[PDB]
Every structure is written in structure tokens, then in C-alpha cells.
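Each of two forms of one protein chain follows alone as C-alpha cells, named structure 1 and structure 2.
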Structure 1
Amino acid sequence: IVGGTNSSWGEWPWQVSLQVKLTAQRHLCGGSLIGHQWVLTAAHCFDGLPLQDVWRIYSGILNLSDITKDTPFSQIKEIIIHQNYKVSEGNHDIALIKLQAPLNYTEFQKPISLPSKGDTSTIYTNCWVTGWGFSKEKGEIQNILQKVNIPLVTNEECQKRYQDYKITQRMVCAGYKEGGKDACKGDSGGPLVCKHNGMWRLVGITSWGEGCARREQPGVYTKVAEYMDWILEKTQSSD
């Protein structure tokens, strides 16, 4: 996260860190707990290995440097990548992770609310993006979970900034014209959440953009509302 600030405990209790351990352990992506055994993230987080014994999923963690050998983590039972995701194209950048065991809910480990299958965001005037990603282009992972407040931008205005692609109704864009606040490398798969009437809810999944926090280059997010039929079908079927 570029231009953000350090979060406090309980602000973002759905945020998870998706890490891999081979010989060394590293944070690769964000994710959102959406149910007691389900995490929602980006499909592109799995380009590279989908052999899921490598993954360690940390929840209830605000500061990564706080992680030790004894810190509990979740393992992966199943990975469900959207059947129409193609890495080169970038459409349908969404994936579900089923955990090997359900998690007990606490003030620091709770699911984010999901939108209904057909909303518009114009009530979403207060949106935030979180993660442990770089604080600048060619930066490094941040220890304390970062938060940043970013305005949503219309797909028409987003499309102007990206003539090379492809801005569909299944994407949502957010950013500042002057730049300086944005998601960045390591923030993939994490939440774009908006607060409405005192309830938070998941509007987007951090996906792509040109560089980080550049002027007139907003962040592009998978629009969760447009995949709610898919999310319901896959999780009900698997359960």
C-alpha cells in the first residue's frame, strides 16, 4: 500500500496473509475471510505453484514481524480458480480457498460482508484498501497492515486511462488523479472494502494497475458483486 498508514487491531479482521514456505517463508498475497472455512483472493496469486502444501494462511495477525514458529496458521484443502480466468488476459481474476479446518470467529478474525448480485456503488463513498504490499514501486513488504482511503472511479474514466485493455462491468476502479495512494506489489487478492451505514462490505479484490500510485493510473479491482452467483455456487457445492 502506497500513501497509507498503519492499521490498529480489529480494524480489518477479515484480512489474511497468504504466505508460502519452501525453504524460506514469504508473504505473497492478501485475501479476505468470507466464511468460517473460505478465503476470497485473486486468481493470479496462484500463477506459479497451485500445489497447495506450500501455503500458510495467517489470520488474526496485525503485524507480520510478530509471526513466529508457534503462530497458528491455516492450510489449504481446496483451491477454486474461476474457470474462465486466463493469465494473459486478466478477466475473472478471482479465486476461492477452502481451509482444512474452520476458524473460530474473534474480534481479530471474522468474515467480511459480501454485496448482493446487483448493486451500484454510488453509496460507496467511503472505501479503503489494505495489505502488507510495497509502500512504493520497487519497494518492500511492510510489517504492519497498511490502510489507505481511495475514491472509486467510474469505469468510463478508468477506461480512458487504460486504452490497451479491456475495463469491463465485472471490474471496479479506484484511485486519485494525482496519484500517491494505491495498492502495490504484495497487495494482490486483498480487499477493497466500503463502509455504508456503519457496516463494512467487500466491493473489490485487488487485481492490477500500471505501476503503483502513478498519476492518472487508477487501481483495477475485481468487482465482487458480479461474481456473487459464482461464489455462492462454488462454496455451496463444495460444502
Structure 2
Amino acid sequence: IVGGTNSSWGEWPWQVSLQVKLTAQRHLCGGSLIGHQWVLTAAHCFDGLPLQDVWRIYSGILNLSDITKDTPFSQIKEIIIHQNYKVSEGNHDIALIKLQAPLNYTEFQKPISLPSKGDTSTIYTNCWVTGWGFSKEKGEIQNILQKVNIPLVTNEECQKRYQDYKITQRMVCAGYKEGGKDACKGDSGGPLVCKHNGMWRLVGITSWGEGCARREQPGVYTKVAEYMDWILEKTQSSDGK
């Protein structure tokens, strides 16, 4: 998070940390808890890595340096990457992670409400992006969970900023003309939440940007509302009703 501030215990209780355990354990991505057994994250977090054994999910945590071998974590039972996602490309950057065990809800560990498919037409006004990513371009992983207030930009206004790519109706962009406030590497897969009608809703999944916080270069997010039919279909038990 570039241009952000420290967050408090219980402020973003849905935020999780996706870490890989290879030669050393490192935070790679953010994610949002959406159910007792489900986390929503970006498909690009899994590029060049197996879906099995190497992942650990941390929830109910504010500072990354507090994580030791004693800290309880969630393991992956299944990873569902969008069928149309292509490794190293931008479209459909979304994945669901099914946990091996359900997580009990506390005031520090609870899900973020999902929008409806019809909520695509809604223009939000109080949006925040959180994570432990780089505090500046080419920077380093932050210890304390950062937060930042970022306004949304129209898809047409976002398309003009990225004329070498195609900003689809399945993406939502957020930034300031002067830059200085944006998500960065390590924030990927985390939440872009908006407060609407008194309650918090998951609007975007942090995906990409040309660098971080550059002027007139807004952050691109996977628009959750455009994937609600997919999330609902994929979270069904598999064994059937």
C-alpha cells in the first residue's frame, strides 16, 4: 500500500495473508475471507507454483512479524482458478481457495459481505484497499497491515490511462490524478472494499498497476460483482444437494 496508514485490530477482519513455504516462508499475496471455508484471491498469485503443499493462510493477524512456527494457519484443500485466466496475463485474475478446516468467526476474523451481480451498475464513494505490500515501487513487504482511501475511476477514464491493454467491464479501476496513493506488489489478491448503505462490501480483488501510485495511472482490480455467478457456482459443495 502506497501512501497509506497503519490499521487497527478488528478494522479489516476479512484480510488474510497468503504465504509460500519454500526454502524460507514469505508473504506473497493478500486475500479476503468470504465464508468459514472460503478465501477469495487473485489467480496470478499462483503463477509458477504448485497448488499443493507450499501454501499457508494466516487470518486474524495485524502484523506479519508476529508470525512464528507457533502461529496457527489454514491449509489449502482446493484452489479454483477462473477457467479463462491465462498465466502472466490480466483477464479473470480471480481464484477461490477452499480451506481444509472451517474458521470460527471472532471480531478479528470474520467474512466480508459479497455484492450482488446486479450491483455492477453501482458507483461506490467510500472505498478502501488494504494489505502488507510494497510501500513504494520496487520497495519491500510491510509488517503492519496498511489501509488507504482510494476513489474509483470510470472504465472509459481507466482505458485512456492504459491504451496498450484492454480494460474490460470485469475490472474496476481506482486512483487519483496526482497519484501517491495506490496498491503495490504484495497487496495482490487482497480486498478493495467499499462502505455502502452502512455496511462493508467486497467490490474488487487487487490485481495490477503500471508500477505503483504513478500519476494518472490507476490501480486495476477484478470486479467481484461481475464474478458473483462464478463464485456462487464454484462454492457449491461438489457432492450435490
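One-based numbering along structure 1's sequence throughout. Only residues modelled in both forms are compared. Throughout, rigid core stands for the largest set of C-alpha atoms superposing within 1.5 Å between the two forms.
Core-based superposition between the two structures shows that, of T122, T106, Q163, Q169, only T122 has its Cα displaced by 2 Å or more.
Look at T68: with the core superposed, its C-alpha moves 1.2 Å between the two structures.
Its Cα shifted by 2.1 Å between the two structures, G198 is reported here after superposition on the rigid core. Relative displacement of the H44 Cα between the two structures on rigid core alignment is 0.3 Å. Residues present in both forms were considered; between the two structures, the rigid-core fit shows Cα displacements of 2 Å or more across three or more consecutive positions at 50-52, 87-89, 120-123, 237-239.
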